[PDB]
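Participant: Quick one: structure below, then a few questions.
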Amino acid sequence: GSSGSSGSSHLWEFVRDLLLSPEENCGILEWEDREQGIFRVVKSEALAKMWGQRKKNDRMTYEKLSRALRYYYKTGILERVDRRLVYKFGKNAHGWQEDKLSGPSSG
């Protein structure tokens with residue numbers, strides 16, 4: 001059977017899905033680099049507002065959302081950038097990445 005149930009939600013996933021779902025996302029993000037996976041948050045306000053709705057957090061706002069954007073750097077899910085309102089999915093994240101690139105080294 002197939003439906004589409006994960007069980008554990010995640011911001012990095014929500015914000016990412018928006019990039020692959022132009023039908024739901026309304027000029028909220030931008031694809032700075034498809035290969036690298038870098039994206040920009042054109043609407044830092046709409047980004048959070050929409051996020052909260054997913055977590056039923058009426059008090060959801062960028063200031064708060066970021067909390068997870070900066071906490072992802074520890075796990076690798078996200079990649080710290082030296083730009084403004086510009087984030088990039090690390091290697092820990094999946095779905096956005098393309099092609100099969102591992103490297104000359106392996107375990």
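We name chains A, B, ... following the order of the structure tokens; residues begin at 1 in each chain, and ligands are numbered from 1 as shown.
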Got a sec to tell me which of chain A DSSP assigns to alpha helix (DSSP H), as a PyMOL selection string?

Facilitator: chain A and resi 11-20+44-55+62-75

Participant: Counting only C-alpha atoms, what is within 9 Å of residue 44 of chain A, bar same-chain residues fewer than 5 positions away, as a ChimeraX atom specification?

Facilitator: /A:28-29,49,61-62,85

Participant: Go ahead and save the residues from that selection, with N, CA, C and O atoms, as a tab-separated table (two decimals), in the first residue's frame.

Facilitator:
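Ended up saving to out-v8.tsv:
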```
chain	number	residue	atom	x	y	z
A	28	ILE	N	7.62	32.91	-2.48
A	28	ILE	CA	8.12	32.93	-1.10
A	28	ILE	C	9.61	32.60	-1.05
A	28	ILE	O	10.32	33.06	-0.16
A	29	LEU	N	10.06	31.79	-2.00
A	29	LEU	CA	11.47	31.40	-2.06
A	29	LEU	C	11.99	31.48	-3.49
A	29	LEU	O	11.22	31.66	-4.44
A	49	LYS	N	4.80	32.33	8.40
A	49	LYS	CA	3.34	32.31	8.46
A	49	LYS	C	2.79	30.98	7.94
A	49	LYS	O	1.92	30.37	8.57
A	61	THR	N	6.64	32.64	13.58
A	61	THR	CA	7.25	33.76	12.87
A	61	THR	C	8.71	33.48	12.54
A	61	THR	O	9.37	32.70	13.22
A	62	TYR	N	9.21	34.12	11.49
A	62	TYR	CA	10.59	33.94	11.07
A	62	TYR	C	11.52	33.85	12.28
A	62	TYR	O	12.24	32.86	12.44
A	85	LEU	N	19.21	36.34	4.09
A	85	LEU	CA	18.01	35.57	3.78
A	85	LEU	C	18.30	34.52	2.71
A	85	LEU	O	17.45	34.21	1.88
```

Participant: Have a look at A:31, A:71, A:51, A:39 and name the one nearest to residue 89 of chain A; count only C-alpha atoms.

Facilitator: A:39

Participant: Need the shell around residue 17 of chain A: protein/DNA/RNA residues with any atom at most 12 Å away, counting only C-alpha atoms. Skip same-chain ones fewer than 4 positions apart. Format as a PyMOL selection string?

Facilitator: chain A and resi 9-13+21-25+28-29+39+47+51+89+93-96

Participant: What does the distance between atom CA of residue 41 of chain A and atom CA of residue 86 of chain A come to in Å, to one decimal place?

Facilitator: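 One can read the atom CA of residue 41 of chain A to atom CA of residue 86 of chain A distance as 6.2 Å.
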
Participant: Need to verify the contact set: residue 72 of chain A, 12 Å, only C-alpha atoms, exclusion of same-chain residues closer than 4 positions in sequence. Can you return it as a CSV table (one decimal) with N, CA and C atoms, in the first residue's frame?

Facilitator:
```
chain,number,residue,atom,x,y,z
A,10,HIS,N,9.2,18.1,9.4
A,10,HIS,CA,10.4,18.8,9.5
A,10,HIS,C,10.4,20.1,8.7
A,11,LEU,N,10.9,21.2,9.2
A,11,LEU,CA,10.9,22.5,8.5
A,11,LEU,C,11.7,22.4,7.2
A,12,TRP,N,12.9,22.0,7.3
A,12,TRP,CA,13.8,21.8,6.1
A,12,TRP,C,13.0,21.2,5.0
A,13,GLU,N,12.1,20.3,5.3
A,13,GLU,CA,11.3,19.6,4.3
A,13,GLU,C,10.2,20.5,3.8
A,65,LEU,N,11.1,30.5,13.5
A,65,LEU,CA,11.4,29.5,12.5
A,65,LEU,C,12.9,29.3,12.4
A,66,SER,N,13.6,30.5,12.2
A,66,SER,CA,15.1,30.5,12.1
A,66,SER,C,15.7,29.5,13.2
A,67,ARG,N,15.1,29.5,14.4
A,67,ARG,CA,15.6,28.7,15.5
A,67,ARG,C,16.0,27.3,14.9
A,68,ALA,N,15.2,26.8,14.0
A,68,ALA,CA,15.5,25.5,13.4
A,68,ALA,C,16.5,25.6,12.3
A,76,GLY,N,23.6,19.1,10.1
A,76,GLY,CA,24.1,19.2,8.7
A,76,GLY,C,22.9,19.4,7.7
A,77,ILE,N,21.7,19.1,8.2
A,77,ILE,CA,20.5,19.3,7.4
A,77,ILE,C,20.6,20.6,6.5
A,78,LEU,N,21.1,21.7,7.1
A,78,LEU,CA,21.2,22.9,6.5
A,78,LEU,C,22.7,23.3,6.4
A,79,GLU,N,22.9,24.4,5.5
A,79,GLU,CA,24.3,24.8,5.3
A,79,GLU,C,24.4,26.3,5.6
A,80,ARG,N,25.2,26.7,6.5
A,80,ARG,CA,25.4,28.2,6.9
A,80,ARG,C,25.9,28.9,5.7
A,87,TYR,N,19.7,30.6,2.3
A,87,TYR,CA,20.0,29.3,3.0
A,87,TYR,C,20.3,28.3,1.9
A,88,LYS,N,20.9,27.1,2.3
A,88,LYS,CA,21.2,26.0,1.4
A,88,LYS,C,21.2,24.7,2.2
A,89,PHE,N,20.5,23.7,1.6
A,89,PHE,CA,20.4,22.4,2.2
A,89,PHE,C,21.7,21.7,2.1
A,90,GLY,N,22.1,21.1,3.3
A,90,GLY,CA,23.3,20.4,3.4
A,90,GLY,C,23.3,19.1,2.7
A,91,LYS,N,24.1,18.1,3.2
A,91,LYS,CA,24.1,16.8,2.6
A,91,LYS,C,23.2,15.9,3.4
A,92,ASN,N,22.9,16.2,4.6
A,92,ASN,CA,22.0,15.4,5.4
A,92,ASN,C,20.6,15.3,4.8
A,93,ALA,N,20.2,16.4,4.2
A,93,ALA,CA,18.9,16.5,3.6
A,93,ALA,C,18.8,15.7,2.3
```

Participant: My list of candidates is A:63, A:1, A:46, A:98. Which is closest to residue 33 of chain A when distances are computed with only C-alpha atoms?

Facilitator: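 Smallest separation from residue 33 of chain A among the options: A:98.
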
Participant: Could you pull out all residues of chain A with a DSSP call of strand (DSSP E) and give them as a ChimeraX atom specification?

Facilitator: /A:30-33,38-40,78-79,86-89

Participant: Once you have the residues from the selection above, write them out as an mmCIF file, in the first residue's frame, restricted to N, CA, C and O atoms.

Facilitator:
```
data_model
loop_
_atom_site.group_PDB
_atom_site.id
_atom_site.type_symbol
_atom_site.label_atom_id
_atom_site.label_comp_id
_atom_site.auth_asym_id
_atom_site.auth_seq_id
_atom_site.Cartn_x
_atom_site.Cartn_y
_atom_site.Cartn_z
ATOM 1 N N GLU A 30 13.303 31.335 -3.646
ATOM 2 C CA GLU A 30 13.929 31.388 -4.962
ATOM 3 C C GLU A 30 15.076 30.387 -5.061
ATOM 4 O O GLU A 30 15.786 30.144 -4.086
ATOM 5 N N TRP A 31 15.247 29.807 -6.243
ATOM 6 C CA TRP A 31 16.306 28.831 -6.469
ATOM 7 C C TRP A 31 17.594 29.517 -6.911
ATOM 8 O O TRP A 31 17.759 29.849 -8.083
ATOM 9 N N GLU A 32 18.503 29.724 -5.965
ATOM 10 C CA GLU A 32 19.777 30.372 -6.259
ATOM 11 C C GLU A 32 20.742 29.397 -6.927
ATOM 12 O O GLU A 32 21.587 29.795 -7.729
ATOM 13 N N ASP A 33 20.609 28.118 -6.590
ATOM 14 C CA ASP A 33 21.468 27.085 -7.157
ATOM 15 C C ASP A 33 20.811 25.713 -7.050
ATOM 16 O O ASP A 33 20.664 25.168 -5.956
ATOM 17 N N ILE A 38 21.133 25.770 -3.180
ATOM 18 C CA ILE A 38 21.004 27.045 -2.483
ATOM 19 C C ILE A 38 19.701 27.744 -2.855
ATOM 20 O O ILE A 38 19.333 27.813 -4.029
ATOM 21 N N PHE A 39 19.007 28.265 -1.849
ATOM 22 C CA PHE A 39 17.746 28.962 -2.070
ATOM 23 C C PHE A 39 17.669 30.230 -1.224
ATOM 24 O O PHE A 39 18.338 30.345 -0.198
ATOM 25 N N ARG A 40 16.848 31.178 -1.663
ATOM 26 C CA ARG A 40 16.684 32.438 -0.949
ATOM 27 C C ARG A 40 15.258 32.587 -0.429
ATOM 28 O O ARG A 40 14.313 32.058 -1.015
ATOM 29 N N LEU A 78 21.067 21.658 7.148
ATOM 30 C CA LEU A 78 21.202 22.932 6.451
ATOM 31 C C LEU A 78 22.666 23.346 6.351
ATOM 32 O O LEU A 78 23.530 22.769 7.009
ATOM 33 N N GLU A 79 22.936 24.352 5.524
ATOM 34 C CA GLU A 79 24.297 24.843 5.340
ATOM 35 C C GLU A 79 24.371 26.348 5.586
ATOM 36 O O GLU A 79 23.691 27.130 4.922
ATOM 37 N N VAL A 86 19.505 33.959 2.753
ATOM 38 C CA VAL A 86 19.906 32.937 1.794
ATOM 39 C C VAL A 86 20.396 31.679 2.502
ATOM 40 O O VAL A 86 21.416 31.701 3.193
ATOM 41 N N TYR A 87 19.664 30.585 2.327
ATOM 42 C CA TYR A 87 20.023 29.317 2.953
ATOM 43 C C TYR A 87 20.323 28.255 1.898
ATOM 44 O O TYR A 87 20.050 28.446 0.713
ATOM 45 N N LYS A 88 20.886 27.136 2.339
ATOM 46 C CA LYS A 88 21.223 26.042 1.436
ATOM 47 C C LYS A 88 21.169 24.701 2.163
ATOM 48 O O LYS A 88 21.738 24.547 3.245
ATOM 49 N N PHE A 89 20.484 23.734 1.562
ATOM 50 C CA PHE A 89 20.357 22.407 2.152
ATOM 51 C C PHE A 89 21.693 21.672 2.128
ATOM 52 O O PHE A 89 22.348 21.583 1.089
#
```

Participant: I need the residue nearest residue 99 of chain A from this list: A:36, A:16, A:70, A:83. Use only C-alpha atoms for the distance.

Facilitator: A:36

Participant: Name the closest residue to residue 42 of chain A among the candidates A:2, A:27, A:106, A:8; distances are taken between atoms, counting only C-alpha atoms.

Facilitator: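 Smallest distance to residue 42 of chain A is found for A:27.
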